[PDB]
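Participant: Take a look at this one; I'll ask things after.
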Amino acid sequence: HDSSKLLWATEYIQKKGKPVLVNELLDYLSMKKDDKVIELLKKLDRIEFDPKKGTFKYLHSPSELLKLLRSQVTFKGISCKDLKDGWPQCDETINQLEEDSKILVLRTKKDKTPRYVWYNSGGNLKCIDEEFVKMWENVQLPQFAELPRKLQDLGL
Amino acid sequence: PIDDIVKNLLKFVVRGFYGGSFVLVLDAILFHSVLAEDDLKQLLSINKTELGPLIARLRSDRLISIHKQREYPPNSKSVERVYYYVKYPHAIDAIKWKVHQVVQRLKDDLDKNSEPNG
Amino acid sequence: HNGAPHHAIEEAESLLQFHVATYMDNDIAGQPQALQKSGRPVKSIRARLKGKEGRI
């Protein structure tokens with residue numbers, strides 16, 4: 001085939017995951033040695049083909065994650081997908097620069113913390129006593145515009 | 001304006017003495033005042049128990065007064081969305097009182113103090 | 001404090017409301033007799049004063 005055979009090489013070349021010899025990739029897979037294979041990789045970013053020797057790359061640090069958190073501004077909640085392949089062990093670096101330095105949404109501590117676009121200043125600040133936060137929760141809201149009085153009643 | 005500070009201040013508390021995910025529902029519906037409820041659910045693409053208890057705080061603090069953004073459905077039937085028409089004044093009003101209350105849990109506590117009498 | 005299925009709650013307290021009710025008076029008409037593990041009703045407080053044999 002033409003598109004199928006070329007896709008096959010990028011599949012097993014990405015198993016190597018690095019720029020290897022095209023002829024090797026044309027012979028290690030033993031299938032995609034045709035003219036359509038290498039050109040397709042030259043036209044496909046799945047095997048990022050440089051003008052230099054045989055290149056096969058498929059386009060790293062929490063700094064990129066750090067800006068991506070700020071680069072997801074006014075955008076939708078992103079998962080952990082870009083890390084696990086781009087940067088291994090997302091869930092470590094999710095809470096490594098914790099306290100909103102690297103914020104992410106732990107969907108559960110059994111589901112790889114499926115996240116959204118999260119970045120903040122303090123973010124969690126769990127050091128605040130939970131009981132105090134519970135006591136903070138324990139503050140019941142009174143009623144309507146009498147509460148504008150009630151805050152002035154309470155000395156606010 | 002200060003309106004941004006109002007939203008800014010909301011982020012701080014909802015991230016100072018609240019968890020990180022608390023501000024996600026902030027920004028999402030802060031993008032547009034009259035927003036369809038699913039849009040936040042869709043972009044977050046998360047469960048209803050990963051959204052329900054978060055919705056609790058938005059109305060438990062009355063910060064997101066989710067206005068029933070009724071639309072004109074094409075089928076001639078019921079149509080509405082939870083568009084969080086933020087009640088900026090009332091939201092903080094309780095908050096200030098809320099803040100005061102914890103201070104009372106310290107202003108009273110000053111008499112619970114250093115030197116033993118009992 | 002732990003979640004809020006918000007219809008289980010609406011029944012949960014409406015249960016407790018039933019216990020307090022039958023505690024005061026387990027003889028209420030329009031309601032289910034709150035029974036004992038013998039299947040006999042529970043001697044409500046009201047029952048303790050009701051007829052002869054009551055307090056009064």
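Identifiers in this document derive from the order of the structure tokens: chains are assigned A, B, ..., residues are numbered from 1 separately in each chain, and ligands are numbered from 1 in order of occurrence.
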Give me, as JSON lines, the closest atom pair and its distance (Å, one decimal) for every residue of chain A within a cut-off of 12 Å of chain C, counting only C-alpha atoms, rows sorted by chain and rising number.
Facilitator:
{"residue": "A:134", "atom": "CA", "partner": "C:1", "partner_atom": "CA", "distance": 9.8}
{"residue": "A:137", "atom": "CA", "partner": "C:1", "partner_atom": "CA", "distance": 10.4}
{"residue": "A:138", "atom": "CA", "partner": "C:1", "partner_atom": "CA", "distance": 10.9}
Participant: Among the residues of chain C, find those DSSP assigns to alpha helix (DSSP H) from the backbone and print them as a PDB file with C-alpha atoms, in the first residue's frame.
Facilitator:
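Saved file out-v7.pdb follows:
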ATOM      1  CA  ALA C   8     -31.568  11.179  49.937  1.00  0.00           C
ATOM      2  CA  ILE C   9     -31.092  14.157  52.239  1.00  0.00           C
ATOM      3  CA  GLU C  10     -34.664  15.235  51.667  1.00  0.00           C
ATOM      4  CA  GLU C  11     -35.751  11.819  52.858  1.00  0.00           C
ATOM      5  CA  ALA C  12     -33.036  11.444  55.471  1.00  0.00           C
ATOM      6  CA  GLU C  13     -34.184  14.309  57.603  1.00  0.00           C
ATOM      7  CA  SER C  14     -37.797  13.575  56.791  1.00  0.00           C
ATOM      8  CA  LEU C  15     -37.043  10.281  58.450  1.00  0.00           C
ATOM      9  CA  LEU C  16     -35.672  11.848  61.597  1.00  0.00           C
ATOM     10  CA  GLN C  17     -38.685  14.113  61.554  1.00  0.00           C
ATOM     11  CA  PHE C  18     -40.723  10.951  61.779  1.00  0.00           C
ATOM     12  CA  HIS C  19     -38.852   9.622  64.772  1.00  0.00           C
ATOM     13  CA  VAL C  20     -39.201  12.774  66.786  1.00  0.00           C
ATOM     14  CA  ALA C  21     -42.860  12.860  65.872  1.00  0.00           C
ATOM     15  CA  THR C  22     -43.651   9.377  67.036  1.00  0.00           C
ATOM     16  CA  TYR C  23     -41.557   9.908  70.132  1.00  0.00           C
ATOM     17  CA  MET C  24     -43.853  12.655  71.275  1.00  0.00           C
ATOM     18  CA  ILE C  45     -44.958  10.017  75.767  1.00  0.00           C
ATOM     19  CA  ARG C  46     -48.501  10.984  74.947  1.00  0.00           C
ATOM     20  CA  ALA C  47     -49.520   7.404  75.479  1.00  0.00           C
ATOM     21  CA  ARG C  48     -48.227   7.644  79.005  1.00  0.00           C
ATOM     22  CA  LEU C  49     -50.802  10.251  79.922  1.00  0.00           C
TER      23      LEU C  49
END
Participant: Using only C-alpha atoms, which protein or nucleic acid residues come within 7 Å of residue 120 in chain A? Drop anything in the same chain fewer than 4 positions from it, and give the result as a PyMOL selection string.
Facilitator: chain A and resi 100-101+103
Participant: Distance limit 12 Å, atoms considered: only C-alpha atoms. Which chain B residues sit that close to chain C? Return them as a short mmCIF file (atom, residue, chain, number, x, y, z; two decimals) with N, CA and C atoms, in the first residue's frame.
Facilitator:
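What landed in iface-v3.cif:
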data_model
loop_
_atom_site.label_atom_id
_atom_site.label_comp_id
_atom_site.auth_asym_id
_atom_site.auth_seq_id
_atom_site.Cartn_x
_atom_site.Cartn_y
_atom_site.Cartn_z
N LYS B 48 -20.49 14.19 37.00
CA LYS B 48 -21.44 15.03 37.72
C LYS B 48 -21.17 15.06 39.21
N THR B 49 -20.42 14.08 39.74
CA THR B 49 -19.93 14.17 41.11
C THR B 49 -18.58 14.87 41.19
N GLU B 50 -17.97 15.19 40.05
CA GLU B 50 -16.82 16.08 39.97
C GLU B 50 -17.24 17.50 39.62
N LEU B 51 -18.54 17.75 39.53
CA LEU B 51 -19.16 19.03 39.22
C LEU B 51 -20.21 19.45 40.23
N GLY B 52 -20.95 18.49 40.79
CA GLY B 52 -22.01 18.79 41.73
C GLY B 52 -21.53 19.50 42.97
N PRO B 53 -20.68 18.84 43.76
CA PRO B 53 -20.15 19.49 44.97
C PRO B 53 -19.41 20.79 44.69
N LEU B 54 -18.81 20.96 43.51
CA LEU B 54 -18.25 22.26 43.18
C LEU B 54 -19.36 23.29 42.95
N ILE B 55 -20.45 22.88 42.30
CA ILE B 55 -21.60 23.77 42.15
C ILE B 55 -22.14 24.17 43.52
N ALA B 56 -22.04 23.27 44.50
CA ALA B 56 -22.51 23.60 45.84
C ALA B 56 -21.87 24.88 46.34
#
Participant: Find the residue from B:33, B:76, B:69, B:104 that sits nearest to chain A; use only C-alpha atoms when measuring.
Facilitator: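 With only C-alpha atoms as the atom set, the closest residue is B:104.
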Participant: Compile the residues of chain B that lie within 10 Å of chain A, evaluated using only C-alpha atoms, and express the compilation as number ranges by chain.
Facilitator: B: 11-24, 27-28, 30-31, 39-47, 50, 57, 60-62, 89-102, 104-105
Participant: Which one is closest to residue 35 in chain B: B:64, B:103, B:112, B:73? Count only C-alpha atoms.
Facilitator: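 Using only C-alpha atoms, the shortest distance to residue 35 in chain B belongs to B:64.
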Participant: Find the distance between CA of residue 70 in chain A and CA of residue 102 in chain A and write it in Å to one decimal.
Facilitator: 10.0 Å
Participant: Rounded to one decimal in Å, what is the spacing between CA of residue 10 in chain A and CA of residue 82 in chain A?
Facilitator: 19.3 Å
Participant: Check the DSSP output for the backbone and give back, as a PyMOL selection string, the residues of chain C in strand (DSSP E or B).
Facilitator: chain C and resi 35+41+51+53
Participant: Expressed in Å to a single decimal, how great is the separation between CA of residue 12 in chain A and CA of residue 51 in chain A?
Facilitator: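 About the pair CA of residue 12 in chain A and CA of residue 51 in chain A: they are 21.1 Å apart.
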Participant: Would you mind listing what lies within 10 Å of range 30-34 of chain A as a PyMOL selection string, with only C-alpha atoms counted and same-chain residues fewer than 6 positions away left out?
Facilitator: chain A and resi 1-10+22-24
